[PDB]
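Notes follow once the structure below has been shown.
We name chains A, B, ... by the order of the sequence lines, and we start the count at 1 in each one.
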Amino acid sequence: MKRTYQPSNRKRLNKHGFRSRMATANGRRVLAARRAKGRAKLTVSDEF
Amino acid sequence: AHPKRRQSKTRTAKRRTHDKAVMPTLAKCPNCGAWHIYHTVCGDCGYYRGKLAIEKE
Amino acid sequence: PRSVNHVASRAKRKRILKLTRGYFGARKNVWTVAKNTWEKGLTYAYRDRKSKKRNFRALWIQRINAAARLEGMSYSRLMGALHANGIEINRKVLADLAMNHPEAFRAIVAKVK
Amino acid sequence: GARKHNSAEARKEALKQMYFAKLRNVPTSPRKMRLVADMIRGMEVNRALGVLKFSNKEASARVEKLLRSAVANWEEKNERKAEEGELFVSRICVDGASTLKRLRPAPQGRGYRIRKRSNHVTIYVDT
Amino acid sequence: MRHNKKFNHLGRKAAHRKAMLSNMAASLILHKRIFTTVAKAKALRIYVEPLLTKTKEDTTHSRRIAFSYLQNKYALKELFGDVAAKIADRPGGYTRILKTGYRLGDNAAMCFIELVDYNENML
RNA sequence: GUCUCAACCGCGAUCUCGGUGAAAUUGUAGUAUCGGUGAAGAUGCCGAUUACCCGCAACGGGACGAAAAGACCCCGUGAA
RNA sequence: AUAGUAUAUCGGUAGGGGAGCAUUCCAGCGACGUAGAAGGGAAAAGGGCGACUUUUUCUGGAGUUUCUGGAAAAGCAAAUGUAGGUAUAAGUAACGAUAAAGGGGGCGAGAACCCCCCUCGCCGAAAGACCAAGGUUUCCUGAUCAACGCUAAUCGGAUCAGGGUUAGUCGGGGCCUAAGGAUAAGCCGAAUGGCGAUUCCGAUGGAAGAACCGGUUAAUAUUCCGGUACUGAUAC
RNA sequence: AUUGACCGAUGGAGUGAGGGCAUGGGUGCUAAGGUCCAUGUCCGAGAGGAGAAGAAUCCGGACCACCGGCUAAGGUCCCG
RNA sequence: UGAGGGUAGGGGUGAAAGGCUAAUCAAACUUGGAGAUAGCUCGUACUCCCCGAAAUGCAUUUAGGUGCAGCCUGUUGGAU
RNA sequence: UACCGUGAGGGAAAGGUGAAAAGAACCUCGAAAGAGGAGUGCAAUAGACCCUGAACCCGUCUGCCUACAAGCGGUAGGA
RNA sequence: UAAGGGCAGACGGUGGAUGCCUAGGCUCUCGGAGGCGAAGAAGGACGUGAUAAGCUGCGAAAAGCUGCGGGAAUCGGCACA
Ligand SMILES: [K+]
Ligand SMILES: [K+]
Ligand SMILES: [K+]
Ligand SMILES: [K+]
Ligand SMILES: [K+]
Ligand SMILES: [Mg+2]
Ligand SMILES: [Mg+2]
Ligand SMILES: [Mg+2]
Ligand SMILES: [Mg+2]
Ligand SMILES: [Mg+2]
Ligand SMILES: [Mg+2]
Ligand SMILES: [Mg+2]
Ligand SMILES: [Mg+2]
Ligand SMILES: [Mg+2]
Ligand SMILES: [Mg+2]
Ligand SMILES: [Mg+2]
Ligand SMILES: [Mg+2]
Ligand SMILES: [Mg+2]
Ligand SMILES: [Mg+2]
Ligand SMILES: [Mg+2]
Ligand SMILES: [Mg+2]
Ligand SMILES: [Mg+2]
Ligand SMILES: [Mg+2]
Ligand SMILES: [Mg+2]
Ligand SMILES: [Mg+2]
Ligand SMILES: [Mg+2]
Ligand SMILES: [Mg+2]
Ligand SMILES: [Mg+2]
Ligand SMILES: [Mg+2]
Ligand SMILES: [Mg+2]
Ligand SMILES: [Mg+2]
Ligand SMILES: [Mg+2]
Ligand SMILES: [Mg+2]
Ligand SMILES: [Mg+2]
Ligand SMILES: [Mg+2]
Ligand SMILES: [Mg+2]
Ligand SMILES: [Mg+2]
Ligand SMILES: [Mg+2]
Ligand SMILES: [Mg+2]
Ligand SMILES: [Mg+2]
Ligand SMILES: [Mg+2]
Ligand SMILES: [Mg+2]
Ligand SMILES: [Mg+2]
Ligand SMILES: [Mg+2]
Ligand SMILES: [Mg+2]
Ligand SMILES: [Mg+2]
Ligand SMILES: [Mg+2]
Ligand SMILES: [Mg+2]
Ligand SMILES: [Mg+2]
Ligand SMILES: [Mg+2]
Ligand SMILES: [Mg+2]
Ligand SMILES: [Mg+2]
Ligand code: NA
Ligand code: NA
Ligand code: NA
Ligand code: NA
Ligand SMILES: [Zn+2]
């Protein structure tokens with residue numbers, strides 16, 4: 001059967017990528033929380 | 001369908017009374033002197049019932 | 001300070017497990033099973049200390065009954081004759097005399113018969 | 001302070017009179033191996049080698065090569081080739097070794113554990 | 001029940017079983033001895049001995065009847081050539097089965113089957 | 001062949017042997033039967049009765065068998 | 001408990017009261033320890049009673065402790081309680097489409113399963129061939145069989161090392177714009193901000209710049225080589 | 001007469017689901033191991049003995065030990 | 001049917017089943033207020049010694065909760 | 001961090017040879033894994049998952065009991 | 001008698017509790033300080049070695065370059081060969 005995750009690299013970066021996070025105040029708020037935690041992976045732009 | 005209780009050590013060991021490895025039926029080869037299974041060709045010499053059966057190089 | 005009594009807590013269990021040696025199956029060495037069995041046994045012992053006095057007096061009377069009957073007298077009549085004559089020998093002594101020294105028993109019977 | 005040296009000296013002097021061989025960490029189940037140990041316990045070594053060679057159990061091939069080692073240890077510690085009809089298996093035991101845990105999927109997303117067991121085998125020989 | 005049912009199905013469908021017996025028989029005629037399991041070799045004996053009996057009447061009909069079984073022209077060439085001459089006087093019992101031991105992978109009983117007139121040591 | 005009313009045949013599973021090897025469940029158990037008794041339907045109490053020790057195959061009457069802190073019903077100065 | 005040895009009293013759930021033991025650490029006076037401390041195994045003996053204590057011996061190989069007072073992370077049998085380990089059911093269920101296998105050689109300690117050969121069987125609008133998405137070295141070769149592979153394995157999409165992807169034209173990108181997105185001038189609005197062009201971005205579409213057949217490697221091939229073409233720039 | 005059993009002040013509670021039996025009653029059917037009151041009692045919170053085995057029927061209130069003695073209810077052919 | 005866009009939680013979308021909104025829907029998920037509240041259920045660990053209840057009355061959006069009385073216990077003063 | 005999740009986010013387990021590597025040349029049985037020796041060392045039952053090394057659970061040996069026997073498995077007697 | 005079973009002891013297996021220990025935590029006291037960035041920050045990507053996965057340091061001048069002060073025989077990071 002068709003499952004929930006059907007990958008598309010173009011969709012992934014448009015929805016969760018680094019440049020989309022930086023485009024809004026609430027996205028930059030997410031980046032600040034992940035930096036303060038010390039995450040090695042900041043966005044999906046890192047795993048690529 | 002389901003065990004009401006775990007079996008004690010005694011009950012498990014009593015059941016395993018009849019779990020025995022079967023001993024081979026062995027015979028000595030009149031030519032080689034080696035053990036072989038009765039009613040089979042000796043794998044060492046190749047002989048069987050006093051005659052050569054598998055001439056081994 | 002932080003206080004944990006590891007050695008003391010474990011020593012309490014080990015002492016009792018010496019008392020449960022000889023039991024069947026898990027009742028001898030598995031802690032919560034063995035302690036349960038040991039505690040129940042102590043209740044039996046308190047009751048069985050009392051029943052011991054009952055069982056040994058019943059055994060003395062039975063032996064006295066057999067010895068008296070060999071001399072033409074039942075237990076009830078022999079005891080009635082002893083208490084009438086003031087003899088204060090107790091049943092443990094008489095039963096021992098009945099079994100192991102039959103000639104002394106016969107002298108007590110010949111004094112009240 | 002020489003105490004453990006004196007305890008160990010006596011331990012080594014006794015080992016000179018014991019003839020044995022060991023198999024450690026055999027990657028098979030101890031219960032199946034025990035089935036083979038009961039077969040050759042207390043049996044003459046020459047007859048046991050043939051019994052192990054033609055056995056239908058797979059654990060027998062490993063045990064056969066351990067009995068050969070036990071005999072060789074005997075001759076090393078006694079300084080002579082063993083006779084025929086002389087030695088016999090005086091002691092044998094199988095003990096469970098460490099277990100390797102694995103996963104096997106089951107229906108509806110559940111997972112179960114598989115145990116891949118091991119064992120140790122020790123053999124003694126005697127004249 | 002199987003009272004008086006005298007042939008081994010050999011754990012195969014009928015078409016599979018007939019194909020295996022025919023491949024095995026060709027192997028025995030071409031190579032004078034083959035190694036197989038005991039249950040398979042006892043079933044081949046009932047299959048191949050009547051086929052070897054057909055070489056006592058050398059005709060077109062006998063060759064074609066034999067070919068309807070083997071369907072292999074090299075086996076037919078060998079069967080009606082050298083194999084026919086060796087067995088021309090023996091009254092049945094052309095093959096022999098001798099047990100050898102057990103396989104490593106499934107502990108199957110093993111044996112070898114061969115034509116008697118090609119084993120000189122056993123004559 | 002739905003049935004009267006079933007019979008037979010083939011392969012896969014099944015059974016035996018070699019190799020590998022789980023799970024639900026589990027206070028301890030040397031866990032028989034009948035009637036009685038009893039938190040009122042007893043393997044475990046009472047009185048009788050029957051029963052040499054230990055497996056394998058096969059079937060499901062009981063262990064108020066397993067699973068899931070009954071959805072029904074009532075209750076909470078509970079919730080949505 | 002009362003009187004100072006005598007009289008009385010001593011079954012207990014909820015619950016009230018009294019008196020103690022062990023544990024961690026601190027102060028003080030002091031002790032023990034490589035001629036063997038703590039911990040762990042075994043044995044023996046004590047206590048108005050008990051919580052507990054003491055001694056001997058084996059292991060162990062460096063810390064331990066009496067008494068008086070002080071302070072607490074100060075004691076488990078059960079919470080469908082948590083972690084780790086190990087059992088029972090049990091050598092039981094099962095080993096994942098009933099397309100199928102048999103023989104002879106080979107390497108090898110070892111072969112039902114690996115390689116070669118003969119036969120048999122299955123798919124064949126596919127279970128064959130070429131791309132896209134997605135994956136990211138799984139591709140080829142040598143060595144290895146611990147783990148992985150629902151068996152074994154000399155084999156593998158496994159482990160380690162080495163090697164392997166070649167474009168003026170192919171597919172992209174460079175050019176263009178769609179949905180939509182970001183904006184300019186402006187408009188709206190506690191803040192954060194929301195809207196807003198013919199502007200820009202954005203292919204799944206449009207391009208007036210153009211290549212196809214064959215052969216070679218263990219692994220690349222409109223890319224390398226052969227043959228035959230085409231398209232921009234640039235200099236005379 | 002009575003081991004002292006009563007009361008005040010003040011510190012700390014738990015309980016506020018009861019139950020069986022006998023007697024006097026209501027209700028019910030002069031039913032219920034039913035229900036609602038009153039007076040005692042026992043179980044609750046109570047072991048031991050008799051009743052074959054029974055929470056409250058009969059006897060009897062367990063400080064500990066004893067291989068001593070006398071009795072209660074109930075018994076004295078055997079299991080006993 | 002492929003690619004890429006858009007609508008976001010009392011909101012979306014719905015040829016309307018309270019359907020669907022990442023195996024979750026009569027109000028998604030994540031983090032925080034936060035150890036919400038639970039007159040409810042379950043659980044609550046060393047020793048010996050002395051004493052030892054209640055399951056009634058009144059009131060209560062009260063009836064399986066609670067306040068006061070009644071009945072237990074410590075200390076203290078009186079005799080009753 | 002690994003791992004889980006489309007994402008926001010959630011989120012582990014895991015310390016100790018010996019004073020010193022002196023970390024076991026060489027031999028024996030094995031195709032080699034494993035062991036028996038030898039050697040180093042206070043100690044190898046300190047041998048690499050290595051200080052000590054408990055329980056549940058699992059073996060072998062020795063002593064006594066057990067195939068006419070029926071219930072929470074003990075307790076009090078007793079050859 | 002023991003196919004088997006029960007109990008006790010001896011010796012082992014497994015497992016990793018306990019004792020001892022510390023390399024890391026927890027709560028504070030006293031003093032200072034309270035920023036970095038368009039002369040490009042915080043945080044990252046990619047590189048950098050005789051040898052080079054990963055960390056550390058560094059930036060095509062890349063485990064590093066030049067002076068001044070200190071110090072005195074070893075040194076080329078963790079980290080071996
Ligand atoms: K300490
Ligand atoms: K290879
Ligand atoms: K909502
Ligand atoms: K151990
Ligand atoms: K008997
Ligand atoms: Mg069996
Ligand atoms: Mg294995
Ligand atoms: Mg085999
Ligand atoms: Mg799935
Ligand atoms: Mg079949
Ligand atoms: Mg099997
Ligand atoms: Mg009944
Ligand atoms: Mg019954
Ligand atoms: Mg049920
Ligand atoms: Mg419920
Ligand atoms: Mg009293
Ligand atoms: Mg009392
Ligand atoms: Mg505590
Ligand atoms: Mg459960
Ligand atoms: Mg079964
Ligand atoms: Mg079965
Ligand atoms: Mg399955
Ligand atoms: Mg099966
Ligand atoms: Mg398969
Ligand atoms: Mg295809
Ligand atoms: Mg490949
Ligand atoms: Mg394998
Ligand atoms: Mg490979
Ligand atoms: Mg192009
Ligand atoms: Mg444009
Ligand atoms: Mg290719
Ligand atoms: Mg080409
Ligand atoms: Mg009330
Ligand atoms: Mg009430
Ligand atoms: Mg009533
Ligand atoms: Mg009435
Ligand atoms: Mg009622
Ligand atoms: Mg009372
Ligand atoms: Mg509806
Ligand atoms: Mg859904
Ligand atoms: Mg709501
Ligand atoms: Mg709040
Ligand atoms: Mg809460
Ligand atoms: Mg009292
Ligand atoms: Mg209520
Ligand atoms: Mg009150
Ligand atoms: Mg030691
Ligand atoms: Mg150790
Ligand atoms: Mg009889
Ligand atoms: Mg041990
Ligand atoms: Mg520790
Ligand atoms: Mg200088
Ligand atoms: Na010592
Ligand atoms: Na504990
Ligand atoms: Na026995
Ligand atoms: Na430069
Ligand atoms: Zn021979």
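Judged on ring centres (limit 5.5 Å) and ring planes (limit 30°), G/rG172 and G/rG173 form a stacked step. Remark: G/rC122 and G/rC123 stack on each other (six-membered ring centres under 5.5 Å, interplanar angle under 30°). The six-membered rings of G/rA218 and G/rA219 are stacked by the 5.5 Å centre and 30° plane criterion. Remark: bases of strand neighbours I/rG33 and I/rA34 are stacked by the 5.5 Å centre distance and 30° plane angle definition.
Put simply, NZ on B/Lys4 is 8 Å from P on F/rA67, counting in whole angstrom units. The separation between C/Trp31 atom CH2 and K/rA17 atom P is 21 Å, rounded to whole Å. One atom, CG of A/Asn14, and another, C1' of G/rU204, lie 14 Å apart when rounded to the nearest Å. The nearest whole Å value for the distance from the CZ atom in D/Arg31 to the P atom in G/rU86 is 17 Å. Atom pair A/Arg34:CZ and J/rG9:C1' shows a separation of 7 Å (rounding to whole Å applied). Going from atom CZ of C/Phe24 over to atom P of K/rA8 covers 11 Å, rounded to whole Å. The interatomic distance linking B/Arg5 (CZ) with F/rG62 (P) rounds to 22 Å, in whole Å. Between D/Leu67 atom CG and J/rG36 atom P there is a gap of 16 Å when expressed in whole angstrom units.
With distances taken from any side-chain atom of A/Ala33 to the nucleotides J/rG9, J/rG37, J/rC29, the minimum falls on J/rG9. Out of F/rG27, J/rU45, H/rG68, the shortest distance to the side chain of C/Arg27 is found at F/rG27. Closest to the side chain of D/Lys57, out of F/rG19, J/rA54, H/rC66, is F/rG19. For D/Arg102, counting side-chain heavy atoms from C-beta on, the closest listed nucleotide (I/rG4, G/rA147, F/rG65) is G/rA147. Closest contact between the side chain of D/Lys32 and the listed nucleotides G/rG104, G/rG91, G/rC76 involves G/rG91. When each of J/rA8, K/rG4, K/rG12 is scored by its nearest atom to the side-chain atoms of B/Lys20, the top-ranked nucleotide is K/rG4. The side chain of A/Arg28 sits closest to G/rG193 out of K/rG6, G/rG193, G/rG104. Among J/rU1, G/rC150, F/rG19, the nucleotide with an atom closest to any side-chain atom of D/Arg104 is G/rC150. Residue C/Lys28 has its side chain nearest to K/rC7 when only G/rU98, G/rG103, K/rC7 are considered. Side chain of D/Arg115, nearest nucleotide from F/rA22, J/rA8, G/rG104: F/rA22.
In this structure, G/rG149 and G/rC155 make a Watson-Crick or G-U wobble pair, each of the two defining distances being under 3.5 angstrom. If you check G/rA229 for Watson-Crick or wobble pairing at under 3.5 angstrom, you find it paired to G/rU169. Base pairing annotation: G/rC160 forms a Watson-Crick or G-U wobble pair with G/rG142, both donor-acceptor distances under 3.5 Å. Searching all strands for a Watson-Crick or G-U wobble partner of I/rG67 with both distances below 3.5 Å returns I/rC58. The pairing partner recorded for G/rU68 is G/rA27, the criterion being a Watson-Crick or G-U wobble arrangement whose two distances lie under 3.5 angstrom. Remark: F/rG38 base-pairs with no nucleotide; criterion is Watson-Crick or G-U wobble with both hydrogen-bond distances under 3.5 Å. For G/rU80, there is no paired base (Watson-Crick or G-U wobble, both distances below 3.5 Å). Of all nucleotides present, only J/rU62 satisfies the Watson-Crick or G-U wobble test against K/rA8, with each distance under 3.5 Å.
Residue B/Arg6 reaches into the minor groove of the paired bases (side-chain heavy atom under 5.0 Å from a minor-groove atom; none near the major groove).
For the pair C/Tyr46 and C/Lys52, nearest-nucleotide mapping onto RNA chain H gives the more 5' position to C/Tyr46.
Between D/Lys57 and D/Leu35 there is a side-chain heavy-atom pair separated by less than 4.5 Å. Using a 4.5 Å cut-off on side-chain heavy atoms (C-beta onward), C/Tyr46 and C/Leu42 make no contact. D/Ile40 has its side chain within reach of D/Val63: a pair of non-hydrogen atoms, C-beta onward, lies under 4.5 Å apart.
A donor and an acceptor atom never sit less than 3.5 Å apart when one is taken from the side chain of C/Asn29 and the other from the base of J/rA55. Looking at C/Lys35, its side chain comes within 3.5 Å of the base of G/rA77 through a donor and an acceptor atom. If you check distances only, the side chain of A/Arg39 does reach the base of J/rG11 with a donor-acceptor pair under 3.5 Å. With hydrogens and angles ignored, no donor-acceptor pair closer than 3.5 Å exists between the side chain of D/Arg91 and the base of J/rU60.
Evaluation of the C1'-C2'-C3'-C4' torsion of J/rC49 gives a negative value and hence a south sugar. Judged by the sign of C1'-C2'-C3'-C4', I/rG9 carries a south-puckered sugar. Judged by the sign of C1'-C2'-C3'-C4', the furanose ring of G/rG162 adopts a north, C3'-endo-like conformation. Sugar conformation at H/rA55 is north: the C1'-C2'-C3'-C4' dihedral has a positive sign, consistent with the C3'-endo side. A negative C1'-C2'-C3'-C4' dihedral is found for the sugar of G/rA167, placing it in the south range.
Using modelled atom types, no side-chain atom of C/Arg91 and backbone atom of C/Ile61 make a donor-acceptor pair closer than 3.5 Å.
Within a 6.0 Å radius of CE in D/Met43, more than 12 heavy atoms belonging to other residues, nucleotides or ligands are found.
Using cut-offs of 30° and 60° for the angle between ring planes, the D/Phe20 and D/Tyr124 rings count as tilted. In this pair, E/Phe112 and E/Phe35 present their aromatic rings tilted. The plane angle is within the 30 to 60° band.
Stacking between E/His16 and G/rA101 is absent: the ring centroid is not both under 5.5 Å from the six-membered base ring centre and under 30° in plane angle. A distance cut-off of 5.5 Å between ring centres, combined with a plane angle under 30°, places C/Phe56 in a stacking arrangement with the base of H/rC67.
Within the model, atoms OG of B/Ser8 and CZ of C/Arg27 stand 12.0 Å from one another, a figure rounded to the nearest 0.5 Å.
Between C/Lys50 and H/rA65, a side-chain N or O to OP1/OP2 separation shorter than 4.0 Å is present.
Of all heavy-atom pairs spanning D/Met33 and D/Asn119, the tightest one is CG-OD1, 3.6 Å.
For E/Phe7, the ring pair (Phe, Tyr, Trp, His ring centres under 6.0 Å) test picks out E/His9, with sequence neighbours left out.
Nucleotide I/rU80 is annotated as unpaired relative to G/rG193 [Watson-Crick or G-U wobble, both distances under 3.5 Å]. By the Watson-Crick or G-U wobble test, with both distances required under 3.5 Å, G/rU198 and G/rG215 do not count as a base pair. Taken together, G/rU199 and G/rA203 do not constitute a Watson-Crick or G-U wobble pair, since the relevant N/O distances do not both lie under 3.5 Å. Nucleotides I/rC71 and K/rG44 fail to qualify as a pair under the Watson-Crick or G-U wobble definition, as the contacts are not both shorter than 3.5 Å.
Base contact: D/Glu76 has a heavy atom under 4.0 Å from a base atom.
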